[PDB]
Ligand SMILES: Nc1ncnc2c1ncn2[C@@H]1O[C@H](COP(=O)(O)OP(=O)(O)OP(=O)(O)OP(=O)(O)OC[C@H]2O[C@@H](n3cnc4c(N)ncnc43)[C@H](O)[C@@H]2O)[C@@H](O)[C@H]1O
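In the block that follows, a single chain appears as structure tokens, in the form solved without this ligand.
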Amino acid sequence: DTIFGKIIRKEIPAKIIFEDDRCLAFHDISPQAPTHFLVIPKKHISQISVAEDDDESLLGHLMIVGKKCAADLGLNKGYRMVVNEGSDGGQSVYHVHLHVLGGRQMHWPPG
């Protein structure tokens, strides 16, 4: 369940930007940029390393939802899409979630 499950279950409140039969995009509570949100699959996939080849269209779906919400958020100057795998990736929640950061200049390297 994590907090993700409870949020999707609307058990607990989130700054929901978007929703459809496949995902939930809500604002990241500990933003690392002016605008920071997460686009996550309602379906549980702990980490990208274990995403199946049939999981393919959902991953790209998270990606498209991300690009739509970001434009919705007026992110016309740009943004950075992120997914963190495991320990070195700094994966906090073991449920696949796509980070979207904007509102400012991102730097190289990406952490």
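Residue indices: 1-based, along the sequence shown.
The same protein has a further form, the form deposited with this ligand bound, not shown here; the description that follows concerns it.
When this ligand is superposed onto this form from its pose in the deposited bound form, 3 or more of its atoms lie within 2.4 Å of a backbone or C-beta atom, and the site is blocked. Contact annotation for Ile29: at least one heavy atom lies within 4.5 Å of this ligand in the deposited bound form.
Put simply, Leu38 is close to this ligand in the deposited bound form: some heavy atom of it is within 4.5 Å. Residues of 2 to 21 that come within 4.5 Å of this ligand in the deposited bound form, judged by any heavy atom, are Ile3, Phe4, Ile7 in sequence order.
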